[PDB]
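Have a look at the structure below before the remarks.
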Ligand code: SF4
Ligand code: SF4
Ligand code: SF4
């Protein structure tokens, strides 16, 4: 009756009263967000950005092809029987076909192939991603050496205790590499 | 000191993600040097600004 | 039902079109080559793909009317338009907003 | 400022090799290759890391090796030289073409200077190498940018 | 014979259902060959024995031109177990006439798993409800995952050029 | 011949004359489309999680002006985030034709560029989304970082500003219709809308339950 | 006669009668008859052929194969 | 045009499907407000994974596998490397075994968090969808540090163990993360157990009995949410999961509310297994493992077959031995098994992925029997589906 709609309305109109308060307290917190083109976030030490190449190191043995999941890197080599050693003449990894699993940088004896940190490769043409040996041998783009980007760090790289990379004035990783060489 | 392409340097500055990692440098250019870090499984070279790299014998 | 075979360059529908609205038929197949203008056509090669479209419709007129069989006709037309590029009959359109070169890049013949 | 005229087209005919410093969120660089395209100049927007040696790519033919993906032989696709194949398709009633290289900031200074000295030895051809970033889009020649 | 039986093979021997017992697995389960005429007689006894959970109804090709196999790796599920007894029933079927009777009414997990065996391999399951193609278009004609499957020359399946 | 897959010479002069006023209206025309373009909430394979991580709090989707729409008509951009097979290949063209003409498809991941890891041996994967729909910006990666998609938005935003207002005519499809009559037998559809109420699930048939 | 690693071509008469024709479509694609497929891993009477198209390799009989010189 | 008839109306859910669990297509037919039948059309993400593996070596197929259950990631690499290492008898070191427990329990948290966000938006309140993905971004950077990628394409699992050891500031960064995330697990639980409007959409909505769950074929938090207590980490003594004390989350109700509380309790039990593995690590932290490598580098209790990330780094030409096999890994979504039979060469002869979601999606027509139209995405969001695992 009329003595119920003043009591059946309170049970949830105050629950949204204790729900409007917590959502207004969500606006109290600082926006934890990575504004991209002015704060690019630093990749990790193992991040597989894109493959680098050393033309003065690749001795023509096609281990990168046999360990690739799709046998992608084109190794163009002649035998060169006047010197009795195979010397390559062209090398290309067609990115866009490349999944960045980096089996080629792992199974290489001469340490030629290597992953960079640049993920910012995006062309208007599919065939502009077929990188040459001298286009893969170009120097990577470091996030820190850019005078428009304030590079914020990643989680598992902050000091121990903080879970954000914005109000971080200094510091390093949460452990030491060689702290125990003169201790033990 | 100057850097030749193939010496083992290590990073010295503290305001960097790679604090004291060491490795072979590769493809030195007009103001930049990339140091192959030899880290664990996937070898990674990172550009630097031709300084804060103290080599070891 | 509108069984159709829509690749980039070949849009084969099972039906006839009356002013945009496609009506599903049983007897006919409609085809418009290059809905997007990626290739600059001419009057010669547009009839050359009609020597291929009505050839493959007459050839596969003993099979079933499925989306698999329309895709087999629409694939062999798309393998025929690519042969017209390698013969140098038609060329890529430059007034198009995209220049992604789906049927291979321009390349010279025998280095 | 905001109301931009056609000073970007006149600076490109003067220098021949510009170097834009655009905002890194994009959208404001392309308003100047519309003033460029309104004055008859066609535009080939390429990607600066995707090019190999610019001598062997732009003015010389290059053998592009496609992805054989383990199920093909090593094919060599000899593409035509880029700046001198897009010049011959360009009709002589219109002006030259411009190379709108994006992500120019991963090009070396030896490749910056090669794009600078090529625009005068090759007639009706210019470059605009989008290198670096700035809060306001601004340009300068490539001759003194390599002298920085 | 040459190969002895196991704990499941001696149960089927005690119910007058002769099965060609293969050896043990590389992990240690029993492999049992059952003909397609005596499959529903064998699996009805194993379901009443306690094998209430079938997993990985896997069709398998013994080689090109050889006999197709439909395997049934059925386990004895309980409320709490520590390596419960499992057995894999393999049913060989020829390429021509590839019919194996469906075990949907015994285990309902062989509804989509036998459809996947019919979608890829050509194994038609008699008595199977809604036997169609799941993973492929329903108007596809070939049988992939066989060694003999010649993939058609579709424009979409070619290289990116 | 002379050159394989040639470039057709543009015989039109492209007399793109304009004053200060009409290009000032063309800047507002291009800015309004680059700065608030709405992507379709589309995703098939793994690259939708990297696209949905960009919807979230750490990377801001609605910061460039990108509002995800779960409808093809309200959206213009469509980020193809996922491997498309032979199925979803007619469904993605249908999502593409139901859009207003400033569309600007961008391909995301390796499997919308060349069908990346399934480009070697897969019987049902279309190798690259550019075998079905025209692509504006390509984006390699497997999967790309959410920062790497926001570069492809920035590369896309530089392409909207190059679009001219008097070149709005090529955005509509040309219609070179042709017609041929066939003699293929029509088939009843395989997937009718009954699964549980089909007359084969209620009871096992005879000549098979005798041996059960 | 057919070694492992030479270019073979598929004959159409001996293919569309046998057990290898049940798995595929009856309308055979044209890459089989252009002789470019490299045979790898011959196993008894059958042979796996890596054709130049980016599709999965097929296993065909050695009687259904002709060497393409 | 559209007419108004009296027969039951069939609506197509469509392969567009703007949701985060893949691309389904449900031809669900309606009876006004109740559904009467529904067929699921799958295969829109069938890339032919089983035909690929017959032309891949194991190191060439390890990048391929973390795309079936791409919410999980390394749960797919767990089953993959366990198929030849349990067939060739290759010993895995003890330290690399505990890193596998550390990585898999973090994947199950990320598996459940990707399930949780879309599920809370489908059942009502949409505001935790943006706060749950923030918690998954901490798990991304824990994999981005140790491996080279965020959640998938992380070639970490190997045949002789694991790819590399952890980073330096890693073990102290679950102690920042999984000591901060564990207070939020009970916060996610009190969203549905409290506010009793969500329980009127999940009690009895999509209920499955215990006897029908074993017969239809179920695993993980859909089988165990009917009162079965079947967990393959407990049932199969799988890779030093038996060295910890942790309870199997069971809820004998069958409904979608039972599936919610189990998956929340799987998040809570995963942090228990994590903290018992970070402290039960054989060499402990890698910066302290490497510390003993320099003080006692000649011959110590360390530098053994254990206390290292791989047994022997195998060649790319690693031949799988001959024999059938079936390895099981309790994923976050159920039992992910593969039926490996290999010849003596480097390619396996048959690689039948038995997915955890392919066998749980076949019950979705039976769960959508008598349920309403607004409770269709409430059912499908609670099966924890990833299409790509279903279709492969
Ligand atoms: S893997 Fe290394 S050594 Fe082998 S071909 Fe490639 S670059 Fe040369
Ligand atoms: S990243 Fe992967 S696909 Fe690319 S070259 Fe390395 S192994 Fe091959
Ligand atoms: S390349 Fe990998 S991440 Fe990208 S769409 Fe394909 S499966 Fe997904």
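How many percent of the alpha carbon pairs in chain F exceed a separation of 31 Å?
I get 41 percent for the Cα pairs in chain F exceeding 31 Å.
Could you pull the Cα extents of the stretch A:47-140 along its three principal axes, largest to smallest, in whole Å?
43, 25, 25
When the label point is put 7 Å from the Cα of residue H:369 along its Cα-to-beta-carbon vector, which residues of the stretch E:119-157 have a backbone N closer than 13 Å?
Those under the cut-off are none; the list is empty.
Quick one: what do you get for chain D if you divide its Cα Rg by 2.2 N^0.38 Å?
1.11
Given 5 Å bins starting at zero, what is the percent of C-alpha pairs of the stretch H:29-71 in each, up to the one with the largest pair distance?
Per 5 Å bin, starting at zero, the Cα-Cα P(r) for the stretch H:29-71 comes out as 5, 16, 18, 14, 10, 7, 9, 7, 6, 5, 2 percent.
Which percent of Cα-Cα pairs in the protein assembly as shown sits in each 20 Å bin, short to long?
10, 39, 38, 13, 1, 0
Counting only helical runs of four or more DSSP H residues, what would the 222 nm mean residue ellipticity of chain D come to if each run contributes -39,500 (n - 2.57) and the total is spread over all its residues?
Computed ellipticity for chain D at 222 nm equals -6500 deg cm²/dmol.
Report, to two decimal places, the Cα Rg of chain C normalised by 2.2 N^0.38 Å (N = number of residues).
1.14
Let me know the mean shielding of A:69-80 by other chains, meaning the per-residue number of their Cβ atoms within 10 Å of its Cβ.
Mean inter-chain Cβ contacts per residue within 10 Å come to 6.
Considering only C-alpha atoms, what is the centroid distance from the stretch E:6-43 to the stretch F:2-62, in Å?
Answer, in whole Å: 64.
According to the square roots a ≥ b ≥ c of the eigenvalues of the Cα gyration tensor, what is the shape class of the stretch A:89-178, taking rounded for a/c under 1.5, prolate for a/b larger than b/c otherwise, and oblate for the remainder?
Verdict is prolate for the stretch A:89-178.
Any idea what angle helix F:20-34 forms with the longest principal axis of chain F, computed on alpha-carbon atoms, 0 to 90 degrees, nearest 10?
30 degrees
At q = 0.10, 0.13, 0.16 Å⁻¹, what log₁₀ I(q)/I(0) does a Debye calculation on the Cα points of chain A give, no solvent, two decimals?
Scattering profile of chain A, log10 relative to I(0): -0.65, -0.88, -1.08.
Can you give the calculated 222 nm mean residue ellipticity of chain H, where each DSSP H run of n ≥ 4 adds -39,500 (n - 2.57) and the sum is split over every residue, rounded to the nearest 500 deg cm²/dmol? Show your work: numbers first, answer last.
Numbers: 13 runs with 143 residues, N = 392.
Only helices count here, giving -11000 deg cm²/dmol.
Provide a whole-number value for the mean count of partner chain Cβ atoms within 10 Å of the Cβ atoms in peptide H:57-65.
Mean number of neighbouring Cβ atoms from other chains: 5.
Put a dot 7 Å past each Cα toward the Cβ at residue A:15 and residue H:130; how far apart are the dots in nm?
Rounded to a tenth, the inter-label distance reads 2.4 nm.
If you wrap a convex hull around the Cα atoms of the stretch H:23-96, how much volume per residue is inside, in Å³?
Convex hull volume per residue, Cα atoms: 155 Å³.
Distance from the Cα centre of the stretch E:121-161 to that of the stretch H:50-115, in angstrom?
Value for the Cα centre distance between the two parts: 28 Å.
Where the centre of each part is set by its Cα atoms, how far does the stretch H:1-30 sit from the stretch H:177-233, in angstrom?
After rounding, the separation between the Cα centres reads 27 Å.
Can you give me the Kirkwood hydrodynamic radius for chain H, using every pair of distinct Cα atoms, in Å to one decimal?
Evaluated over chain H, this radius sits at 22.0 Å.
With 19 Å as the cut-off, how large is the P(r) tail for the stretch E:2-161, expressed as percent of Cα-Cα pairs? Before the final figure, lay out the partial values.
On the way: 7304 of 12720 pairs.
In whole percent, the long-distance tail amounts to 57.
When a footprinting reagent is the concern and you count Cβ atoms within 10 Å, what order do H:102, B:28, H:197, A:99 take, fewest first?
Neighbour counts put them in this order, fewest first: H:197, B:28, H:102, A:99.
Taking chain G on its own, what percent of its Cα-Cα pair distances exceed 17 Å?
Summing the P(r) tail past 17 Å for chain G gives 33 percent.
Distance from a point 7 Å along Cα→Cβ of residue F:35 to each backbone N in the stretch F:143-174: keep the residues under 18 Å and list them by number.
Output list for this probe position: F:153-165.
Once you have the alpha carbon radius of gyration of the stretch E:95-161, what is it after dividing by 2.2 N^0.38 Å, with N set to its residue count? Display every interim value, and only then the final one.
Details: Rg = 14.2 Å, N = 67, 2.2 N^0.38 = 10.9 Å.
Expressed relative to 2.2 N^0.38 Å, the Cα Rg reads 1.30.
So how tilted is helix H:286-295 from the main axis of chain H? Cα-based, degrees 0 to 90, rounded to 10.
The helix H:286-295 is inclined about 10 degrees to chain H.
Answer rounded, prolate or oblate for chain B, using the Cα gyration tensor with square roots of eigenvalues a ≥ b ≥ c: rounded when a/c is under 1.5, else prolate when a/b is larger than b/c, else oblate.
Since a/c stays below 1.5, the shape of chain B is classed as rounded.
Per the Debye formula with a single identical scatterer at each Cα and no solvent contribution, what log10 I(q)/I(0) holds for the stretch H:254-392 at q = 0.10, 0.11, 0.13, 0.21 Å⁻¹?
-0.64, -0.74, -0.90, -1.19
Based solely on its DSSP helices, what 222 nm [θ] is calculated for chain F when runs of n ≥ 4 H residues each add -39,500 (n - 2.57) and the sum is averaged over all residues, nearest 500 deg cm²/dmol?
Numbers: 4 runs with 46 residues, N = 212.
Helix contribution divided over all residues of chain F: -6500 deg cm²/dmol.
Methodologically, a virtual Cβ is constructed for each residue, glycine included, from the backbone with ideal geometry; neighbour enumeration extends over all protein chains shown. Read-outs throughout are calculated quantities, based only on the coordinates presented, and are distinct from any laboratory measurement.
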